[PDB]
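Participant: sequence and experimental coordinates follow.
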Amino acid sequence: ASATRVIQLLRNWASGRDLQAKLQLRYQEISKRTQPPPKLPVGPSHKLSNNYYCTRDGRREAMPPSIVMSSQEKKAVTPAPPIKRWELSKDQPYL
Amino acid sequence: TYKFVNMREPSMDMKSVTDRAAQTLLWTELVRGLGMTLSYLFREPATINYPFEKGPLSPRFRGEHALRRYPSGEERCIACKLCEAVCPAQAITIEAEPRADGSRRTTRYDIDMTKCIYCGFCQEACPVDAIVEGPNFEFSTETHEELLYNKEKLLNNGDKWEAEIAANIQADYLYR
Amino acid sequence: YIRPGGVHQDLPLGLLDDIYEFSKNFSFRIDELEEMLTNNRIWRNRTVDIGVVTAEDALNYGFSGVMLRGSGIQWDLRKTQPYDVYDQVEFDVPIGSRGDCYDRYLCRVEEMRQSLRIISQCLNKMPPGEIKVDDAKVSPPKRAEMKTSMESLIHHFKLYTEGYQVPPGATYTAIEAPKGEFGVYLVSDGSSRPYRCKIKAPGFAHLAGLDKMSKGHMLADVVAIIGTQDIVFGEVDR
Amino acid sequence: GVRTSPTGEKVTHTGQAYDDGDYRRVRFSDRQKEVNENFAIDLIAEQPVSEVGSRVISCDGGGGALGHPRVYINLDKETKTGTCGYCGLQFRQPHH
Amino acid sequence: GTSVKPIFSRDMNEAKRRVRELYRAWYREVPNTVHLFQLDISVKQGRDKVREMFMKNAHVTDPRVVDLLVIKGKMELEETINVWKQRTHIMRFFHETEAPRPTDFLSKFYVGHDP
Amino acid sequence: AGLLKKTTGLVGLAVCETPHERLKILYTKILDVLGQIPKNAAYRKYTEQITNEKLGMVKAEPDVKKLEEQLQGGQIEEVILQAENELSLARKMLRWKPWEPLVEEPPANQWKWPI
Amino acid sequence: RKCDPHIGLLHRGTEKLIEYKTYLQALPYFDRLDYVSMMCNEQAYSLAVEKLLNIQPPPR
Amino acid sequence: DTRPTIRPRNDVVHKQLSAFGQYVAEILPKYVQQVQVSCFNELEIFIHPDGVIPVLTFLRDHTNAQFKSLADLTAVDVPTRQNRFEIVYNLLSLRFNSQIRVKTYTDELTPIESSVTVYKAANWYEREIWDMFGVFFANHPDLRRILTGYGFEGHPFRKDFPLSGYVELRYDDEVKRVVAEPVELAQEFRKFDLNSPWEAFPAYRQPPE
Amino acid sequence: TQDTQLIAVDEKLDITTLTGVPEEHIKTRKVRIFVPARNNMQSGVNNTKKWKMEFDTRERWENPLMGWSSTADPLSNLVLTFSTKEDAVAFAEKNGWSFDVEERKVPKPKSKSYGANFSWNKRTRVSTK
Amino acid sequence: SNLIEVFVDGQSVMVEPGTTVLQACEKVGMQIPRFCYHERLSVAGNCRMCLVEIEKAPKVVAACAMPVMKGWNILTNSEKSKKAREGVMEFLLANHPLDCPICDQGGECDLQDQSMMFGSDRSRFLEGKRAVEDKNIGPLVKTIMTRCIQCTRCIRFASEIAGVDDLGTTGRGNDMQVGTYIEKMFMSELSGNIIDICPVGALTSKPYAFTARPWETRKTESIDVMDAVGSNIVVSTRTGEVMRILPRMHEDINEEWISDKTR
Ligand code: SF4
Ligand code: SF4
Ligand code: SF4
Ligand code: SF4
Ligand code: FES
Ligand SMILES: [K+]
Ligand SMILES: [Zn+2]
């Protein structure tokens, strides 16, 4: 941090990069280990009115698989439209 | 959005080929490798001294288990058997009995410490916060029998590790 | 930590700041990796054209993750079929030509950077809300609710004796695992236990092609092949 | 409060103590018997019997959320004294 | 119903013929495994050992089930020649460590209440 | 069209300098193999519907890029590969013969979940 | 010339014991599946189970 | 949709993939017995255990399908069925970013044509099934034990097989080698009868037999 | 229609050689086949609808240590779930396990009348609600 | 013949004259949620969980006491019936003491199972609860009367089957204590079955009290031997020992009840 200026300009030159800008280990940049007490939020069903679980029951909304054809001019349809080609990322195309 | 990782071509002008010939004939990218680790050599190490200081942990840490008790000293366990049902490796084996006073708590509580997986389901399963995992992790042994815990050993740890358990659960009961 | 219906515990206060601290310094470390590794002739020479699979052989072999992207296939589960919240995020998929292991090495490294932007947007755009679903039948209620309201106690009791009962079905859901495409084919009996859950281990398909990507090369390169085949015994051996 | 068994060991709160003829006592020899010195059976009695003037009392167990699920125990059986089934604390109305 | 799909073999004659060829192959392979595995058994006891597990399953009629059986024997012979199995795997077949069990009704009675 | 593509972007399949007439010759052959398929089969009822049109855009547009943006089959260096296996697929079902009705309904209630 | 790998040297009956543990108890297996990455496996198992449950997680 | 707990449905994919459902039915009526689309927007193509190679080759090379990149093949071992094993293929379409599932039925003595010709990815998935389930795959270059131990006897994921199996191993000094003995557990695997005796979700109720 | 050497074989299906059961668990392991009777605690019925493949009990001995009930029979926690009883037996002899079947105890009809509780000279006059 | 035709949410079902809805929808494989009706015990219709609404009927009908007639297509999964089941349950749930970890019915409780299927996910009860003095009617059954749901299943089982009147429901209002007023003891030779009849942990076996939990018992079937009847019993064992003797179902010999001696 500790390390004097002479060691610093050696490590900056040998690496060629300014390592003192950010270190691979933390001296004082962290959250204080103990934290002030929190207050957790609430959700979409912590109400007392019109929250009947019957009209929210995702388990009961699942119907059985829908029949299509049973062993017991029409167009040609693809399972999904062909995937459009992606573009060369505008950030940096090559590398 | 896709980004190429190798499509660059080397220019064939005299400057670039001079760079390439200079790169290989007298090694430079390899010397750059030397320079990088040399800077790493003249850098502080990140190696702590055990057991003089150890890596940081969190109040949610799950380690060696320990039953607890009420401020009265009365045990918290009520032998509701929730922990055994959820225990994914079936390391919990408990037997209840109508205790003579009438509180009717558990007779047996054996944690198979070498079968447990420290998943933390046991503590969240308990409705009275009876079974918790203490922040201890240096409880190794030389015997298999030592690892197989029991009600007495669990109670002893709760009597031993009590400052941490009370404080950690005090820093966490709002979270969970 | 990740459970059906969300994350069981909340984010501790100040956790995301340390994520920001590490992420800010993480990129600097990855350049140090590249500086030592990218242009090193010995590494490159030991990893260029050593082990190579073509587009159709790789894709027919059930390859995924880095290898399809390394071979040049424009496929990635996060972009093509964005699951969870991956639709609302910006990144790129580091694919490359040739298909040898050096580009696969380059594919992983650029994934590091293209990952780092995702966390940068994630902790910049962390929304406020509950950590788990508001459905007590699948999500155990809060501890305070358990010790106060009975239906919390009953639901937690039943959630921790047998748990929720998954309706019958059979879905193979796969995600862009860090090493490949990890999937689970889970059939549900209609009770509180899975009838059968088959794991699509990405390395299992990857190691199946070990013959194809180790054909002709010298013996010393096989360990490199598994190095770029990225086989962890945990999932290939199931 | 724990007594010593005739063999030389102690007795757990459950009432466990190996007989002399039992061969399993060898596990304890050259070692010691782990028994919690405090016993929950006698550690519930020194709590003073609470005197609360109400028909029904909810016993949270101390610490509010850091306790046990509240139980609205009843105080009308004069001969008996009400007790929380989780804590064991003995709640009684004074003289009713 | 009744009509079935033969595994590899339809008739019992050529089903037992493949058993015979497996029967031929293993008797040619009994001594070499003992030699290469640095084993502690003789060629003889292996031969009737091979014989006798041809016999524990000699009372089955279905051509399909025996045809899965013969490839299973093939499924063991190639592991032995390719030294894939270790010593501990083929002396497991030569059951040695396990204690002999009671055979007569009285010996079963004396040891325990296990029918 | 324009300058020839140095690399299609995928290893293995390589750029072919004659993309138009080559995609043409595949897409007349699949018409040819579509000649001897009975009309009652649904294979013909969809193949002639699709292959006639993606024959058409080949002759309609003589540029590589402009027909690519309507093919939606990536570059044409892989759709000729794609046409190849389609030409392969046409021949495969010639001897598969799937136009007949299925063999039999499943044994009892073989399907259906839960049990 | 031959590259047939001998595997199973780690094999555990993961799917078999998954068949006997409940879904909540089934979760820790995936954390243990890939011994290089832990948490991203939970994403796969969780995403499957919620899909069958017809339940979506909150945006948080 | 004011309800944020339910999984949001996706109708367009449902009908579109269902539209692809009868497509694969009409051109291949010889093979498909049943086409199913679930509430989770996935198709299951129920096929007879006779034309595995063609119907997979059909999905692999069709210009309107190109359903390839075999994900995995696995059985279910449904015991109360006259064909216990149910070999199930999974394919991941690249061009149309969709998933397909083709499932057969198969008894323990009815081989499956080796799908390695269609998907030579499947060279390893079936080897696991060969030993771990027991159903043998016909005309296949090599079907060895790839998951269980050497010389192991049985079929572990068969529903009749116990968790602990039949053998247990230890090191025995007189033989100076590891030996296998009949399995005897230190702790018995405590089973848990836990299914609710009350009626579950009424949607999938089995009709009165 | 399915010409793959479709040839009649009428011997009873016996896969006993390949399932993996040892020579003693194939014969000595007598297996019961009943429907789980409804648990009298619960009025719910949704467990009596299937069949099982429950086995008989073997020795449950207390281990020398803390009290594990160590067991040596592998076929203990392997109850099956079956739709009917003919497939149940069909499972029984393919692996060669002796069966012991039991007919489902379908409840007898439950003809009840609320008005019957309030009568004139009928004993069913109920004085408790 | 004289049988009349009705439907149950679609499918047509043939029913006896005088058929109640409970014994109408069970023909197709439905159990209407109930808490006060037993098959071989007289109708109560008090728990109000059997409630189901049909179309063209403005008001929900008590299913266990509803004589069905022609053209009654019971809308079992109708939302109003679903609302009725939810509200009625949470009304039972309100004054129930939070004793699930300390009640033996945990894991085999009718209240718990129903509240997981036809139940809400959180409570709207913000007031104080109700408590009842515990009784003691024999050192063979434990009576935690605070957990009672006032289903009156106990008083009917005693008066009609046991042939005794040591059980009753005293009070007026919410209180409605069920017990004996004057202290007594259940002397019935068939008193043990009242443990099986109670849907909640109000009545529980004293010898078994806190010895095992339901989800670990490996039930097995055998018969009584104390009596020559050979009453069919379910023997609940755990880790190599017998916990409880439960009565099996055999109808014409022992129905679902066993003697106190064999329990
Ligand atoms: S942490 Fe250990 S003791 Fe607790 S539930 Fe998990 S496996 Fe069981
Ligand atoms: S530790 Fe907790 S969960 Fe386990 S039995 Fe005791 S009270 Fe119940
Ligand atoms: S009777 Fe049921 S709801 Fe009441 S405490 Fe007991 S288990 Fe819980
Ligand atoms: S004590 Fe039991 S049987 Fe009697 S009314 Fe209460 S809940 Fe019903
Ligand atoms: S059963 Fe209909 S009200 Fe109790
Ligand atoms: K009861
Ligand atoms: Zn209390």
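Facilitator: Thanks, I have it. Numbering: from 1, shown residues only, chains lettered A, B, ... in the order given. Ligands and ions are numbered 1, 2, ... in the order given.
Participant: backbone dihedrals for the residue lying closest to residue F:96 once chain neighbours are set aside, please?
Facilitator: Excluding its sequence neighbours, the residue lying closest to residue F:96 (CB to CB, 6 or more residues apart in numbering or on different chains) is residue H:54, at 4.1 Å. C-betas here are computed from N, CA, C, even on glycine. The phi and psi values for residue H:54, taken as degrees, to the nearest 10, are phi -60, psi -50.
Participant: just the element for the spatially most central residue of chain F, please.
Facilitator: For chain F, the residue nearest the mean C-alpha position is residue F:86 (3.8 Å; CA atoms, centre = their mean). Residue F:86 is located in helix F:76-96, with elements delineated by DSSP states H and E.
Participant: tell me which residues are up against that helix.
Facilitator: C:56, F:5, F:8, F:10, F:13-16, F:19, F:22-23, F:26-27, F:29-30, F:33-34, F:36-37, F:43, F:47, F:64, F:67-68, F:71, F:73, H:30, H:51, H:54, H:57-58, H:60-63, H:66 (CB atoms under 8 Å, 6 or more residues apart in numbering or on different chains).
Participant: buried set for it?
Facilitator: The neighbour-count check on helix F:76-96 (16 or more other CB atoms under 10 Å in any protein chain shown) flags F:76-87, F:89-90, F:92-93, F:96 as buried.
Participant: stretch J:245-255 now?
Facilitator: Buried, per 16+ other CB under 10 Å, within stretch J:245-255: J:245, J:246, J:247, J:248, J:249, J:250, J:254, J:255.
Participant: pretty sure the fourth one is touching residue J:256, no?
Facilitator: Okay, so that is residue J:248. Yes. Here residue J:248 reaches residue J:256: they are 7.3 Å apart, a contact under CB atoms under 8 Å.
Participant: need the overlap of contacts for those two.
Facilitator: residue I:40.
Participant: run a quick neighbour tally on the closest residue to residue J:84 other than its chain neighbours.
Facilitator: Closest residue to residue J:84 apart from its sequence neighbours, by CB to CB, 6+ apart: residue J:51 at 4.2 Å. A count of nearby residues for residue J:51, using other CB atoms under 10 Å in any protein chain shown, gives 24.
Participant: leaving out sequence neighbours, find the closest residue to the residue of chain I found nearest chain B.
Facilitator: Per CB to the nearest CB, residue I:66 is where chain I lies closest to chain B, at 4.9 Å. In space, and not counting its chain neighbours, residue I:66 is closest to residue B:110: 4.9 Å by CB to CB, 6+ apart.
Participant: note down every partner strand of the helix or strand harbouring the one you found and its orientation.
Facilitator: Secondary structure assignment for residue B:110, by DSSP H and E: strand B:106-111. In the sheet, strand B:106-111 lines up against strand B:92-96 (antiparallel) (DSSP bridges).
Participant: can stretch H:141-148 be said to contact chain I?
Facilitator: No. Applying CB under 8 Å from any CB of the partner chain, one finds stretch H:141-148 out of contact with chain I, separated by at least 10.7 Å.
Participant: briefly note if that stretch comes near chain G.
Facilitator: Yes. Residues of stretch H:141-148 are located near chain G by CB under 8 Å from any CB, namely H:145, H:146, H:147, H:148.
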